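Quick note: numbers below take in every heavy atom, side chains included, and nothing from hydrogens, waters or symmetry partners. Chain naming here is simple, since letters A, B, ... match the order of the sequence lines and numbering starts at 1 in each.
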Amino acid sequence: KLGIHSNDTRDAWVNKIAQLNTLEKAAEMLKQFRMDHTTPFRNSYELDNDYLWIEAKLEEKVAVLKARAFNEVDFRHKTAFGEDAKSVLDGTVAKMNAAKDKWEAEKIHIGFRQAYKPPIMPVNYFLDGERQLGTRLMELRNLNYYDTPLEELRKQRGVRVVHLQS
Amino acid sequence: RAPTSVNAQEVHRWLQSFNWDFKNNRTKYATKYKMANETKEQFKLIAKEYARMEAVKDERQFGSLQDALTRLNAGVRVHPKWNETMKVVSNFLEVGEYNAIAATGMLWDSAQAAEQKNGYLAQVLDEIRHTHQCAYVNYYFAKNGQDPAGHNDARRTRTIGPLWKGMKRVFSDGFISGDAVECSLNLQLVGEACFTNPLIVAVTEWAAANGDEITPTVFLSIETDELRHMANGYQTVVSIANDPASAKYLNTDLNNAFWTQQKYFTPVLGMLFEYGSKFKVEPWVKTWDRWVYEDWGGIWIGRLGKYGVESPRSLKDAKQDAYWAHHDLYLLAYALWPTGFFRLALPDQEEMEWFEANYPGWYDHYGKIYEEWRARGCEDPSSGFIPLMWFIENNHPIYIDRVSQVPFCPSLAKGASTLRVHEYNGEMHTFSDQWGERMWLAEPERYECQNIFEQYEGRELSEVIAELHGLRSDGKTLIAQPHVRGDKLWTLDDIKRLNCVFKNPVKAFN
Amino acid sequence: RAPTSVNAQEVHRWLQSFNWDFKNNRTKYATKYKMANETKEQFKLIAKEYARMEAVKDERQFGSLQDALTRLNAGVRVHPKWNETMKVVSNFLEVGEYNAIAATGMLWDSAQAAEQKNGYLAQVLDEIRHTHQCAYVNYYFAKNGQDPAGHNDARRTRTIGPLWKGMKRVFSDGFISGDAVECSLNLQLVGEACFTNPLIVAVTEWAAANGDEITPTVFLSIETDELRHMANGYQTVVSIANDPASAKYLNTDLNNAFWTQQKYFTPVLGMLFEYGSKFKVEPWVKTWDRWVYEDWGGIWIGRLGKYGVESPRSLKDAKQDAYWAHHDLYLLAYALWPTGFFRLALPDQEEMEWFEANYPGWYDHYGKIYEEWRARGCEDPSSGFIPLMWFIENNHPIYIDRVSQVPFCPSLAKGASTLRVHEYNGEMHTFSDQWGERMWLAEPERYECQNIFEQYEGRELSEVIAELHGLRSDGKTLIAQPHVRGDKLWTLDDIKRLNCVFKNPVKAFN
Amino acid sequence: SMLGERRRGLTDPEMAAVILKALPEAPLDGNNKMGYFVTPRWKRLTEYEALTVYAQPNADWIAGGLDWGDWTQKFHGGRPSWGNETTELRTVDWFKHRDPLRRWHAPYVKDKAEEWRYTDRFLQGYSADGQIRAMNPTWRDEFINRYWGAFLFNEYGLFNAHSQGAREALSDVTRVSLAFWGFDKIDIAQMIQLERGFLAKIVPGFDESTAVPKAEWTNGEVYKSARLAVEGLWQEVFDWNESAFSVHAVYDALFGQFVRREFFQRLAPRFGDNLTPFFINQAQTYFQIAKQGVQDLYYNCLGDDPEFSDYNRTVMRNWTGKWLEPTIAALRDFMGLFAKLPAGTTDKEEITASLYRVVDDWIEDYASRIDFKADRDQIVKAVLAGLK
Amino acid sequence: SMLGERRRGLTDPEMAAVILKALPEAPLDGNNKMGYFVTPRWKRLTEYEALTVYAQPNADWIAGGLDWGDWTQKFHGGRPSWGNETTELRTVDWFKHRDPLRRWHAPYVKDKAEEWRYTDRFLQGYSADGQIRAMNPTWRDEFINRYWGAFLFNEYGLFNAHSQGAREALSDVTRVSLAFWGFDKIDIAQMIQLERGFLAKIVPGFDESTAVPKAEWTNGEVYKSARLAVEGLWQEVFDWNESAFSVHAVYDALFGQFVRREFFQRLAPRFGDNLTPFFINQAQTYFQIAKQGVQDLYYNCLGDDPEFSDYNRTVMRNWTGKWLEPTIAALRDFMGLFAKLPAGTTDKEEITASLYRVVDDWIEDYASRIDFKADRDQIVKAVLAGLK
Ligand SMILES: [Ca+2]
Ligand SMILES: [Ca+2]
Ligand SMILES: [Fe+3]
Ligand SMILES: [Fe+3]
Ligand SMILES: [Fe+3]
Ligand SMILES: [Fe+3]
């Protein structure tokens with residue numbers, strides 16, 4: 001099976017996901033899945049064609065497990081890992097505002113998304129963070145956006161220039 | 001005791017005061033700019049009066065369609081190539097109209113002045129209207145036209161092809177993903193002002209020339225709503241002018257917005273006009289220089305110079321590449337005809353003369369190639385030939401720009417032939433220009449869009465088409481075709497026989 | 001707490017009980033019948049729902065007209081002959097629709113049953129709509145057409161010619177002057193059922209054949225309201241079927257009604273279709289037999305048999321005079337062209353062939369005459385010739401029926417040639433048929449209509465035209481013309497130079 | 001087929017070619033304004049006038065006609081289709097009238113169609129929002145079902161009084177207005193029934209039959225004198241103008257405006273009824289609409305006629321007197337209804353407040369236009385003599 | 001010229017024949033139903049579903065998506081254009097929702113358009129008929145101008161709460177419903193201002209400036225907790241479903257209904273106010289129209305979702321509890337308004353009863369749908385503590 005919307009990889013993960021029935025286990029796997037398969041800093045590009053869909057499936061399980069495990073207050077204010085959502089938000093924002101350059105900034109924003117994206121962090125706190133983090137990141141990035149020559153920007157990013165054509 | 005009442009402007013007089021102050025009365029979206037608290041809107045409307053002026057327009061519009069136009073059998077008496085073009089034109093526009101809804105809701109959230117908010121609000125409702133209008137155009141051509149397939153399921157069959165990916169960049173993601181202002185520049189300042197407003201109009205011209213009276217009826221009505229949006233866009237700039245950040249960022253965001261849109265429309269609109277029509281209206285080349293250079297990149301853009309706005313620094317390159325872009329693209333569009341949801345056609349003899357006349361050198365390059373493909377039997381199902389094969393034989397790989405999603409064949413193109421390939425964290429990326437490259441190098445996490453080769457890798461052609469429902473109601477005939485005639489239409493099996501299997505061209509690089 | 005409302009059918013269920021009995025609760029109009037007070041109407045409508053179903057129709061209609069049709073320049077790309085024809089067709093139907101308002105008002109007044117009164121009331125409103133719709137047709141062609149004169153002032157210029165007098169007999173006076181029931185028959189049982197309804201649709205046919213998409217858009221909409229009127233008229237017969245007086249008078253008024261309506265439409269309608277168009281749709285003889293015989297006189301009338309309704313005893317007489325009726329009339333119409341408010345055109349080679357093919361013997365009579373007239377220069381102002389002169393030369397007197405007002409020429413006609421002349425209390429009277437003769441002998445005071453010869457007697461032609469504004473804007477060129485070309489238009493002086501004076505043809509018997 | 005067997009001259013290549021050939025190089029007349037010869041009432045000619053003025057084929061002998069000669073067919077006896085003889089009033093031109101709202105058929109049904117749709121929505125939300133709860137059982141089941149219901153016959157009767165005018169009107173402008181005034185009246189009666197119908201759907205034992213109110217109207221004593229006034233205005237007047245005039249500028253301006261506004265409109269709130277008021281709302285607007293036309297025809301046009309000003313006024317002051325009495329008699333009898341209200345519902349000081357409002361407006365909008373000197377006190381006093 | 005310069009393919013003989021020649025003998029596919037692949041909510045596919053469902057290019061990783069792959073361009077940081085992360089709710093398909101009224105743009109603007117013109121006519125009939133004569137001055141100058149006028153800010157706030165949802169909604173059908181629910185609120189706020197400006201026209205000295213009403217809203221006591229709840233619902237909620245749910249299935253179903261129906265609409269009569277009830281009837285219809293969509297979306301599609309039914313009800317139960325308190329507080333502060341009414345206007349029993357009406361309808365129409373355990377006595381008494 002190698003389909004676009006239905007294939008073996010997705011099926012295998014669906015089965016893996018059904019065998020999660022503890023919030024702590026399911027949450028840890030979602031955070032791990034994200035470090036392993038999302039953003040351009042993913043540990044591997046092996047699931048590039050199915051990670052998006054698979055991740056949603058894993059999220060679905062972490063959400064259902066969190067709603068049954070948490071009381072109403074914790075659901076509105078704690079991360080799936082038991083941290084105080086607001087403390088995480090403020091702390092991360094604090095780190096962002098103290099970032100020296102746009103390179104430190106991107107690591108802080110992307111790192112935040114891989115670790116706290118819902119159902120880990122309640123969406124209210126998460127989107128509020130998206131709002132603040134994104135702002136600084138753009139402020140640092142869009143400053144003098146064309147002053148660095150492509151030759152150098154490639155070095156700064158750290159790509160392996162494989163081929164060019166003038 | 002004389003008959004009196006209240007109109008829209010009398011209530012609008014106090015609209016601005018509706019918003020009040022409180023700690024968290026602030027935008028929910030990230031942004032480098034601060035939209036001024038006292039910004040004002042141009043049109044003094046309220047919900048009730050807005051509804052009345054649109055309801056009136058609808059009457060005329062639907063009245064025409066349901067009555068006179070239907071009796072005249074206008075849904076049929078349209079040139080085949082144009083019936084197919086509207087499948088793309090209308091559905092693709094539909095998505096731009098749709099995302100503009102979410103786009104203007106994001107601007108309404110950004111705006112702090114009740115009047116600026118209200119200005120965007122009107123557009124929010126206009127875009128819903130526009131979404132439903134474009135939907136109707138396809139709904140109408142499906143129920144009454146010479147070929148409903150494509151018109152009746154574009155919303156799912158458009159996902160098969162590569163031109164769809166690029167449309168989502170400029171008309172979907174480009175409108176809603178980014179700094180609220182960057183989105184406004186993509187959608188309004190550049191989008192509507194430079195391309196769409198002039199485009200909606202031009203389409204009714206080309207439409208009229210090819211026997212289509214259905215599209216002018218609807219689009220001309222869509223066109224009456226653009227004044228407010230042009231205004232909204234203009235005001236976005238005004239609302240951020242007296243802000244320090246505007247000086248450090250505005251021009252950078254405008255430049256990126258300009259290149260983003262231009263990258264897709266320059267080649268695609270020109271392609272739809274000249275290759276998707278029988279009767280030509282005007283050579284795309286001059287249409288462009290008038291729109292982009294004169295009207296927009298001079299007149300409209302210069303009127304905004306008083307606010308620190310400058311001419312796009314990439315305008316020169318855009319111009320340099322423009323000339324052959326659409327011709328280079330139709331070659332790829334036709335070669336990959338089995339991936340569309342529309343039927344294509346080779347330029348006929350009369351068209352080749354027009355292309356050569358208006359584009360000296362057209363024949364020596366594209367002309368001869370199209371002539372070799374028909375010789376190879378590209379129009380014939382039994383030939384067992386698809387232009388794609390010619391590309392493999394002559395070693396002309398086709399890549400997908402990781403940023404704009406626009407397909408390009410650098411070894412065969414007469415226009416831009418640049419190609420940049422990079423490796424980063426175990427992934428390969430292909431770029432066709434220097435502007436798109438900076439965008440990625442600087443904003444990697446924003447452009448992780450997987451292309452058709454990556455998604456379809458290892459899959460046999462007919463299997464991809466089948467999975468994604470690229471068939472007609474007979475369940476065997478392809479929606480897409482390499483000719484617009486009514487006989488000898490290819491079937492899934494004619495493709496299965498070719499046994500073509502997708503492979504990622506970037507993999508060849510060590 | 002479930003959302004609820006009430007509809008028209010639910011309020012109409014109690015509509016019959018609305019009328020209460022009392023002293024003078026009787027019709028204010030003379031009649032020999034007694035409409036049953038328990039009579040029901042076929043449609044269960046209340047004012048507000050009627051308003052809605054009509055408003056919806058207007059939307060389609062006016063939208064098509066203001067939007068698409070205007071954009072296709074529909075009011076122009078119509079054949080000249082047809083443009084002139086709609087001046088008559090539209091404005092003449094207008095008066096019929098108009099007098100129909102007073103007619104149903106008088107019938108609404110006649111009915112005692114609330115339901116029957118209600119049905120008539122709906123027609124009262126429909127008729128008002130049709131008056132406005134027909135007015136709109138002329139209004140639209142005036143504003144956007146190739147020749148506004150006539151279309152723009154037909155309400156006053158129509159008074160110059162003799163064809164108008166005949167129209168008033170069947171669409172004005174015949175609808176309101178007389179026994180409420182006799183009027184009903186003229187208007188509904190005969191008029192609407194046998195002629196108007198079929199013709200409304202026929203018009204759209206001939207209209208579309210000649211490039212007119214305007215008329216179809218409006219007339220087809222009018223057509224949709226006719227079913228109700230068919231019902232009103234039908235219920236009228238029912239209302240009186242029981243009354244003993246019915247079996248003693250019905251058939252008489254019905255015969256008089258039929259003869260009255262056919263006496264005009266038979267000639268005029270066929271003439272308007274065959275001579276007012278370039279492209280033909282169907283020979284009028286055939287159309288006439290299907291309508292007047294099968295459809296009406298057969299099907300329709302048959303269903304009213306169980307109510308004591310017998311086929312018009314004048315039916316046979318009608319089919320006899322009919323065959324050449326319209327051809328005979330156009331000769332007269334063209335010869336008297338200076339008295340119209342429209343431009344006439346003589347048959348071209350194709351039409352003469354079509355005419356001969358469909359009416360064997362046509363050329364040897366009508367054809368040769370038109371060629372003589374044309375060769376003599378009836379179309380050229382400098383020839384100093386007007387066909388009326390040819391009638392004098394060859395001694396072919398034109399009379400006006402004192403009853404039907406229809407113009408006839410006994411010594412020339414290929415159809416009926418009978419002519420009865422009488423003198424009474426000092427006045428001369430001319431009749432064209434036995435039925436009309438009876439109507440006069442029996443009811444002298446009903447018919448005292450001065451004909452054009454009596455009123456204009458002694459006047460010089462150009463003077464009558466000038467006094468009644470038969471001129472175009474420049475104040476010199478005549479609204480009426482003997483050809484439909486753009487050059488060499490006849491002026492008032494070209495008419496005065498001829499110095500023709502009106503004469504009362506009946507005095508030749510003194 | 002897909003193309004259709006029937007060919008059209010606008011789209012058919014062959015036929016269109018022939019048509020395009022026959023066309024002139026330009027319009028054969030620049031005057032593209034239909035009705036260009038009509039004397040505007042306002043700045044520029046309106047669509048309303050163009051599509052209406054002169055549609056009636058009257059000859060010059062019927063003040064304002066453009067045609068000549070006599071009718072082609074008349075009544076047995078000689079009676080003309082339309083003749084100056086159907087009305088006492090005289091004028092220089094019967095086409096002078098102009099509906100201030102300029103309503104021709106299209107606008108008319110458009111506005112009413114919107115009201116019909118709105119009415120449907122309103123009624124739905126009213127029940128879905130359970131607002132019926134607040135209404136008083138006595139008022140509902142008694143004053144609305146019986147006395148408001150019985151008023152539908154009053155309205156139905158005024159409607160029927162228009163029948164003859166629809167036939168005898170002497171101009172298109174007066175006919176369309178008259179048709180519309182009458183048509184609104186039948187609308188009102190139907191709305192009255194529409195409510196009794198609605199309640200019957202949301203309230204268990206409520207009967208939508210017309211049995212009750214019809215009996216009240218034909219037998220009751222509260223509307224007795226009203227019913228008589230109606231039967232007269234409808235079936236005893238043969239003069240279309242006297243009918244329209246006496247119905248809109250006298251009888252309905254008094255009795256009608258009182259019963260609708262001063263009684264049911266005023267008290268409905270005091271019984272938790274905001275339903276009836278929605279319909280009496282439409283009825284009051286319709287009244288305002290007709291009034292503007294009624295004023296233009298009988299005051300601006302006839303009463304102010306350049307040659308029959310003095311004449312017409314006399315005639316109208318005459319009809320006003322002729323019917324001002326039967327009207328008052330209709331009101332007096334109606335006063336007897338108050339004695340049926342639950343004690344305390346309303347005192348005598350109020351009915352008098354409303355009675356003066358009605359009479360005052362009827363003098364400001366009608367009587368003082370023809371100069372019919374009337375005593376506001378004497379009139380109210382006479383009506384008042386109808387209470388307990 | 002007369003024929004123009006541009007030659008059209010439908011009417012130009014030469015071009016038309018070229019086109020007609022290229023045409024197939026018959027449609028290349030007999031399936032002429034656009035949207036034929038969409039699962040109908042009813043008997044047959046509707047124009048509303050056809051023109052709306054799937055316009056949103058969601059990939060399969062957003063429940064119900066037909067497309068595939070990541071967005072082409074995301075936000076700085078990586079946030080997707082649209083994603084599962086913008087709301088706590090989960091479903092099997094975001095395209096399941098159907099506006100029971102099937103409203104797409106055309107029908108929506110057409111009804112509002114009708115209502116606009118009906119409103120215009122209503123006011124003209126209201127001022128011309130001089131109905132302002134019956135309204136009590138103090139109810140007009142204090143309660144309507146100040147308190148009803150302040151409520152316009154409440155409705156404006158609820159409107160703005162919809163901004164994020166217009167941008168974040170995960171489907172076309174929800175986006176359209178959401179957009180229409182919001183537009184209806186700004187419309188009501190505008191109607192409140194439309195009435196004040198109308199009064200300023202017919203009542204001497206009446207000031208239409210919003211300074212007074214707004215001063216009431218931002219600094220008065222009657223609406224203090226109301227404004228706090230509104231400010232919270234609007235700017236402290238980043239989840240588009242919590243915002244739409246809490247606003248319509250909690251705050252407005254309780255506070256809004258009480259203020260609009262149980263206070264103003266219920267007391268206007270007792271003060272001869274027939275004007276305000278007119279606009280409140282619209283707001284109530286709007287509330288009823290929106291409710292049907294709200295119920296379908298949150299109870300029928302998400303609350304009854306085959307895979308997340310239990311999860312979603314827990315979340316909405318959570319949200320109801322989170323927002324029920326601020327709403328009770330808003331009602332509690334509003335109780336202070338009754339002490340301002342002229343003595344004898346209403347009593348503690350009527351107030352309590354209306355409170356039970358609003359609370360009982362809420363439990364039946366919303367609370368019960370998600371098994372939220374609401375104690376009607378507890379809620380009401382918590383509110384009554386506000387009666388001064
Ligand atoms: Ca390698
Ligand atoms: Ca307080
Ligand atoms: Fe748009
Ligand atoms: Fe736009
Ligand atoms: Fe008619
Ligand atoms: Fe009719």
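- For E/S246 against E/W319, the heavy-atom pair with the smallest separation is OG-CB, 4.1 Å.
- Residue A/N124 comes nearest to E/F238 through the heavy atom pair OD1-N, 2.8 Å, listed as atom of the first residue, atom of the second, then distance.
- Seen from the ring of E/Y286, E/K112 counts as a face-on cation partner, given the 6.0 Å and 45° thresholds.
- Under the 30°/60° scheme for interplanar angles, the aromatic rings of E/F245 and E/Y299 are found to stand perpendicular.
- Distance check: E/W116 CH2 to B/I46 CD1 gives 4.0 Å after rounding to the nearest 0.5 Å.
- In plain terms, the two heavy atoms of D/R133 and D/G130 that are nearest each other are NE-O, 2.6 Å.
- A salt bridge between E/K185 and E/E155 is present, with a side-chain N of the basic residue lying under 4.0 Å from a carboxylate O of the acidic one.
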What's the verdict on side-chain contact (heavy atoms from CB on, under 4.5 Å) for B/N7 and B/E49, showing C-alpha distance, side-chain angles and the deciding distance? CA-CA 8 Å; B/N7 62 28; B/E49 172 63 2; over 6 Å; no
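- The two atoms that bring E/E262 and E/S354 nearest to each other are OE1-CB, 3.2 Å, heavy atoms only.
- Here the closest heavy-atom approach between residue E/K340 and residue E/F143 is recorded as O-CZ, 3.6 Å.
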Full working for side-chain contact (heavy atoms from CB on, under 4.5 Å) between D/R261 and E/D129: CA-CA 9 Å; D/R261 189 182 68 185; E/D129 198 40; 3.4 Å; yes
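- No hydrogens or angles considered: nothing links the side chains of E/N160 and E/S163 as a donor-acceptor pair under 3.5 Å.
- Here D/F263 and D/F338 bring their ring centres to under 6.0 angstrom of each other.
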Would you check, one step at a time, whether the test salt bridge (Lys or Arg N to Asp or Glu O under 4.0 Å) holds for E/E195 with E/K201? CA-CA 10 Å; E/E195 169 179 357; E/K201 276 188 177 179; over 6 Å; no
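- Remark: the B/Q112 side chain and the B/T27 side chain contain an N/O donor-acceptor pair separated by less than 3.5 Å.
- No hydrogens or angles considered: a donor-acceptor pair under 3.5 Å links the side chains of B/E41 and B/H12.
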In sequence, state the C-alpha distance, the side-chain angles, and the governing distance for E/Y147 and E/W217, and then conclude on ring-ring contact (aromatic ring centres under 6.0 Å, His included). CA-CA 8 Å; E/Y147 299 97; E/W217 176 253; over 10 Å; no
Determine whether B/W20 and B/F22 satisfy the following criterion, ring-ring contact (aromatic ring centres under 6.0 Å, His included), listing intermediate values before the conclusion. CA-CA 7 Å; B/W20 69 98; B/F22 62 91; 5.8 Å; yes
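- Between E/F334 and E/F255, the two ring planes are perpendicular [angle over 60°; tilted spans 30° to 60°].
- Remark: D/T285 pairs with D/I289 by the side chain to side chain contact (heavy atoms under 4.5 Å, CB included) rule, at least two apart or across chains.
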Can E/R146 and E/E216 be said to form a salt bridge (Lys or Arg N to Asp or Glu O under 4.0 Å), step by step? CA-CA 7 Å; E/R146 179 189 287 276; E/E216 184 54 47; 3.1 Å; yes
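- If you check the side chains of D/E142 and D/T138, you find no donor sitting under 3.5 Å from an acceptor.
- Note that CG of E/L331 and CD of E/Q257 are 11.5 Å apart. Values are rounded to the nearest 0.5 Å.
- If you take CG on E/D273 and OG1 on E/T276, they are separated by 3.5 Å, rounding to the nearest 0.5 Å.
- No side-chain donor-acceptor contact under 3.5 Å links D/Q124 and C/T4.
- The distance from atom CD of E/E236 to atom NZ of B/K28, rounded to the nearest 0.5 Å, is 10.0 Å.
- A donor-acceptor pair shorter than 3.5 Å can be found between the side chains of E/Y298 and E/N241.
- Remark: D/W148 pairs with no residue by the side-chain hydrogen bond (donor to acceptor under 3.5 Å, both in side chains) rule, at least two apart or across chains.
- Considering every non-hydrogen atom in both E/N145 and E/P213, the closest pair reads O-CG, 3.2 Å.
- Inspection of the E/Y108 and E/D184 side chains reveals an N or O donor paired with an N or O acceptor under 3.5 Å.
- Ring geometry for E/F122 versus E/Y126: interplanar angle of 30 to 60°, hence tilted.
- In the model, B/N25 has a side-chain atom that pairs as donor or acceptor with a side-chain atom of B/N19 under 3.5 Å.
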If you apply the rule side-chain contact (heavy atoms from CB on, under 4.5 Å), what do you find for D/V203 with D/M135, and how did you get there? CA-CA 11 Å; D/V203 172; D/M135 194 184 294; over 6 Å; no
Run the salt bridge (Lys or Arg N to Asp or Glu O under 4.0 Å) check on E/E242 and E/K322 step by step: do they pass? CA-CA 10 Å; E/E242 180 183 342; E/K322 172 184 171 178; 2.8 Å; yes
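- Between E/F271 and E/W139, the two ring planes are parallel [angle under 30°; tilted spans 30° to 60°].
- Side-chain polar atoms of D/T119 and D/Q282 form a donor-acceptor pair below 3.5 angstrom.
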Test E/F180 against E/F183 for ring-ring contact (aromatic ring centres under 6.0 Å, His included), laying out the working first. CA-CA 5 Å; E/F180 289 175; E/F183 203 66; 7.9 Å; no
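- Between the side chains of E/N154 and E/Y251, at least one donor N or O sits under 3.5 Å from an acceptor N or O.
- Within the model, atoms CG of E/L123 and CZ of E/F198 stand 4.5 Å from one another, a figure rounded to the nearest 0.5 Å.
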Audit row: E/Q193, E/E208, side-chain contact (heavy atoms from CB on, under 4.5 Å) steps and yes/no: CA-CA 8 Å; E/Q193 180 52 31; E/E208 57 155 36; 4.3 Å; yes
Under the side chain to side chain donor-acceptor pair (under 3.5 Å) rule, what do E/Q131 and D/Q265 come out as? Steps first, then yes or no, please. CA-CA 10 Å; E/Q131 302 186 58; D/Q265 167 130 295; 2.7 Å; yes
Any chance you could lay out the salt bridge (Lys or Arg N to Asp or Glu O under 4.0 Å) test for E/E114 and D/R121, step after step, and finish with the verdict? CA-CA 11 Å; E/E114 300 182 321; D/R121 240 125 61 201; 3.1 Å; yes
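- No donor-acceptor pair under 3.5 Å is formed between the side chain of E/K214 and the backbone N or O of E/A150.
- Atom CZ in C/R1 sits 13.5 Å away from atom CD1 in D/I202 (nearest 0.5 Å).
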